[PDB]
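Given next are the chains, with one letter for each unit.
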Amino acid sequence: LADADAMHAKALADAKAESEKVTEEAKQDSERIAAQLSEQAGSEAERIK
Amino acid sequence: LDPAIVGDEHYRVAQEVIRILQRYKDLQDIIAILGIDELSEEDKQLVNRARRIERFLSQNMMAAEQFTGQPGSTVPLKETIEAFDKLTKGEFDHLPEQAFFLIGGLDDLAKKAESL
Amino acid sequence: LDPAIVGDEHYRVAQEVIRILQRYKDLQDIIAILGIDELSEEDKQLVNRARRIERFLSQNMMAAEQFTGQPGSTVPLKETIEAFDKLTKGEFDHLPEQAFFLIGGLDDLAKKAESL
Amino acid sequence: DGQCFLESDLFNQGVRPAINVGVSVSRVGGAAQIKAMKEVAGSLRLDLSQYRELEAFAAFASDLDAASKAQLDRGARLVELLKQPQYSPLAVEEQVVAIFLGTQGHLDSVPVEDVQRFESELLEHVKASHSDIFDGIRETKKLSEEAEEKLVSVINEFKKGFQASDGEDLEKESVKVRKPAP
Amino acid sequence: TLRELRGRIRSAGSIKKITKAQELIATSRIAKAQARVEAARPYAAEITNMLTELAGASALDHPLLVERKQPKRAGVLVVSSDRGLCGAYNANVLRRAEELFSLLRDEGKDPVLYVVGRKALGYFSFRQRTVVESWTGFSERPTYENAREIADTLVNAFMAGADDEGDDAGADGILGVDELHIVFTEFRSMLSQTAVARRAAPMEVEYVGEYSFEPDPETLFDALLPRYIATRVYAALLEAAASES
Amino acid sequence: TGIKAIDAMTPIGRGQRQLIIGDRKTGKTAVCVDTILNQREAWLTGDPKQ
Amino acid sequence: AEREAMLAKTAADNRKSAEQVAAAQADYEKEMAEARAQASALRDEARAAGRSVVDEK
Ligand SMILES: Nc1ncnc2c1ncn2[C@@H]1O[C@H](COP(=O)(O)OP(=O)(O)OP(=O)(O)O)[C@@H](O)[C@H]1O
Ligand SMILES: [Mg+2]
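Residues numbered from 1 in each chain as written, not as in the entry; some residues may be left out. Chains lettered and ligands numbered in written order. Part of a larger assembly, values for the part shown. Heavy atoms only, no water. Residues with missing side-chain atoms left out of burial classes, pairs and counts.

Chain G goes by ATP synthase subunit b in the PDB entry, where it is assigned to Mycolicibacterium smegmatis. Per the PDB header, the entry is named "Cryo-EM structure of F-ATP synthase from Mycolicibacterium smegmatis (rotational state 2)".

Under the PDB entry, chain F has the name ATP synthase subunit alpha and belongs to Mycolicibacterium smegmatis.

Engineer: Would you take a moment to explain the site of ligand 1 for this structure?
Structural biologist: Looking at ligand 1, the residues that line it are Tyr 11 of chain B, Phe 11, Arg 16, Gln 84, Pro 85 and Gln 86 of chain D together with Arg 24, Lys 25, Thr 26, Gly 27, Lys 28 and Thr 29 of chain F. More than one chain lines the surroundings of ligand 1; the residues nearby belong to chains B, D and F. The separation between an oxygen atom of ligand 1 and a polar main-chain atom of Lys 28 of chain F is 2.8 Å. Burial of ligand 1 by the protein chains amounts to 64% of its free accessible area of 640 Å². When the residues that make up the shell around ligand 1 are grouped by side-chain class, the tally is three nonpolar, five polar and four charged. (Near = heavy atom within 4 Å. Polar contact = N/O pair within 3.5 Å; in protein donor to acceptor, adjacent residues only side chain to side chain. Areas by Shrake-Rupley, 256 points an atom, 1.4 Å probe, with all protein chains shown as cover. Nonpolar A, V, L, I, M, F, W, Y, C, P; charged D, E, K, R; others polar.)

Engineer: For this particular structure, what's the right way to read the interface of chain F and chain D?
Structural biologist: How large an interface is tends to be reported as the accessible area lost when its parts come together. On the side of chain D, 27 residues touch chain F, which itself brings 25 residues to the contact. Summed over both partners, the interface of chain F with chain D comes to about 2,400 Å²; 62% of that surface belongs to carbon and sulfur atoms. At the junction of chain F and chain D, the tally comes to one salt bridge. Where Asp 1 of chain D meets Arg 17 of chain F, a salt bridge forms, and the shortest distance between an N and an O atom there is 3.6 Å. Here chain F is connected to chain D by nine residue pairs in polar contact. Of all the secondary structure elements, the ones that give two or more residues to the side of chain F that touches chain D are helix 1 (4-9), strand 1 (19-21) and helix 2 (28-44) of chain F. With six residues, the single largest contributor to the side of chain F that touches chain D is helix 1 of chain F. (Contact = heavy atoms within 4.5 Å. Buried area = accessible area lost by both parts, 1.4 Å probe. Salt bridge = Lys/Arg side-chain N within 4 Å of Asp/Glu carboxyl O. Helix = DSSP H or I, 4+ residues; strand = E, 2+ residues; numbered from the N terminus.)

Engineer: Would you mind going over the pattern of salt bridges with me for this structure?
Structural biologist: Two side chains with opposite charge may pair up if their charged atoms get near one another. Counted by the stated rule, this structure contains 30 salt bridges over all chains. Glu 39 of chain A is the salt-bridge partner of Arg 32 of chain A, the closest N and O atoms lying 4.0 Å from each other.

Engineer: Could you clarify how one ought to interpret the packing of aromatic side chains in this entry?
Structural biologist: For any pair of aromatic rings, the description consists of the separation of the ring centres together with the inter-plane angle of the planes. Tallied over the full model, the rule gives eight aromatic pairs over all chains. Seen from their ring centres, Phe 56 of chain B and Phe 84 of chain B are 5.5 Å apart, and the 25° between their planes marks the pair as stacked. One end of the pair, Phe 56 of chain B, is in helix 2 (residues 41-56); the other, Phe 84 of chain B, is in helix 3 (residues 77-89), and 28 residues separate them in sequence. Since its relative accessible area comes to 10%, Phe 56 of chain B is described here as buried. Classification of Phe 84 of chain B as buried rests on a relative accessible area of 15%. Consider the rings of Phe 56 of chain B and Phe 100 of chain B, whose centres lie 6.4 Å apart with planes at 65°: the pair is edge-to-face. Of this pair, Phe 56 of chain B sits in helix 2 while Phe 100 of chain B sits in the loop between helix 3 and helix 4 (106-114), and the two are 44 residues apart along the sequence. Summarising the burial analysis for this pair, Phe 56 of chain B and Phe 100 of chain B share the class buried. Clustering of aromatic rings is evident, with ring pairs tying together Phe 56, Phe 84 and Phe 100 of chain B. The aromatic ring of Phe 158 of chain E is capped on one face by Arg 68 of chain E, whose charged end is 5.1 Å from the ring centroid. (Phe/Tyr/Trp six-rings, centres within 6.5 Å; stacked < 30°, edge-to-face > 60°. Buried < 20%, exposed > 50% of the residue type's maximum accessible area, 1.4 Å probe, protein only. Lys NZ or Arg CZ within 6 Å of the ring centre and 35° of its normal.)

Engineer: What should I look at first to understand the state of the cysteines in this one?
Structural biologist: By definition, a disulfide links two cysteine residues through a covalent bond between their sulfur atoms. Under the defined criterion, the tally for this structure stands at zero disulfides over all chains. Considering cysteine sulfurs only, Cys 4 of chain D is the nearest to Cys 32 of chain F, which forms no disulfide, with 11 Å between them. (Disulfide = S-S within 2.5 Å.)

Written as structure tokens, this is what we have:
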């Protein structure tokens, strides 16, 4: 019964770590793909000029 | 026909319909001699779906006014795609086959099916 | 090829393998369509033997080095005669399907059997 | 020196490239392709050929043993892996990574319906993490044991993190009693 | 083209020949099955005569004789074969089982089922239906041991429903059945074979109108009934296999 | 080549001839288009050897 | 009267281990699935918004 409440802290900690890491990865790949598509738009603007 | 010009739902539904019809054509050779008894249910379901859809491709255009004496009908594309998605889902499999001959829309489909 | 100038051992080697292959060609489409479950015990054992023989006939060649990394191998005649007699009398029916493909020799067969 | 056969039946089946591996062949062989490709992939055309032959042969088999079922699963995974949609240019490193992960049986756990998407996912994660491994290929044209161990550890960690989204007329029987009815 | 036509001709010809050959296999096994099926008649006749004689002069009271006063649930057992290419045999079995389920659904009872054979097991696996236990691998050739153990399981399941009031298992400790049904196929003739479904869980007595017992009469009675149930169960199997072939 | 199937199946080396055969509505022009568009990355670098 | 509580607590302890470990594993699975789903979504909608703004410009 004493041991019962041990792993819950681990579960909460890993949930928080997962949430922050997935938010970081989503932000990074979002900004990267947006920048690449913006650069492609600039390239095609130069091409049409 | 290309996803860059046409909606994704249209492309996906068309691809699925083609795949089902091609599979039925492939199994048509074997079913021709033995039948459905040896065939497993996992293919009986797609056989029934294919028969129902290929019967649903029929239509009653106005052009037959002087042959069958019945008015034709027209259908918007959105209704067509939604009805075909519903049919591919398998919701209509309980309905009888002969209800899908020469029908205009899904409302007429339901009315004819309930009329028998 | 004749018993006149060559030992008849080779002769009944060839006769066994040839008759096995002929009846295997006879039963091919049956095992393809009807299913292996309907064959008789003798026919099932013979079909397994024919599969063993068909798989064992392939062999690597050194001229395939530029195409496949496995080096080729060479085997003498008397050992091949003994190995085929062992195969065709029906003692190597316990080996797996892949254990007979691309085999150098009998010792190579044993090594690959120990590899699985 | 070599040709590729294309059929409409495979096109309608679902294979977009729709190339028949049973007949297509090249006489020049693998001497043209890179050494890392040769080391990673070898006799794959053979394995696909016995897979197709076994599928045709045992389409109606009553019973399957462990080896046959395992071969069937592996061939299904490989045949679904190789499919590629239109307008999808790719680099050699991503191709060799995909072939390496497909051939070693690391993806045997996932069901068929999600084998494709998962691949497209992992290629993204390697882009931001441990990217230098790709760099190594560009200056090695070959794999190293340390890099291979790093890659297998990364994919194991990812697959541990990754989740799978799929998965009257009635008769009676009585007894006769000689005793008169009460 | 030419090569495709030749290949198809050879294929279809060999298919025809070996279909005839497998028909001969079935014809050959028909004689053995027919010879084997009729060998258990004297034992059943003697046991039925014994039960009639014993129940003539005994008290009529037993849990397998008395009925549950309330309609809670009803069990059922479905048999099948162990090989394909049987035609509509399994389809007939499934139709009869579904129609019996439909008839029972009129009372709103939630039924339970048991299955024998790979085909019915797979078909019910595909559908959304629960299964308690399955038996496979002896439909080709049964024995007395499997029939005895099946009868024992059914008898214990019936007994385990003594005091199942509402959802409470009572002193039983497990939810028990109150009714059992059996569905199989009968060998009417060489071309007449139809599915028969019957109910044999609670005994019923009919007086048609008009010895000495060393042990206790009730002891003999309740030792006797399980043997009769087991004999009926065993007799069903060979009939089912013969009709299948 | 951009498509993985061709390189994994039948590699193409410079100075080698390869044939493409097929029926209508197959998509054989797509492979050539893919190769031509793929060559841009190689031509990005200024070395005549690439 | 000191023995019925013995079997009661024994039965409770025998099952509480499994119940708690199942609850913890289910909660972990739910939280990781939610996090991965939200991150992947965010990525897809961000890519769509970038595609749209690139089309506009
Ligand atoms: N990988 C792919 N996935 C999906 N659709 C594809 C793919 N490759 C090609 N297609 C489509 O298949 C069709 C092939 O058109 P294409 O003009 O290449 O035909 P073809 O068979 O080469 O014939 P031809 O050049 O004689 O007209 C097009 O509609 C194209 O969009
Ligand atoms: Mg074209």
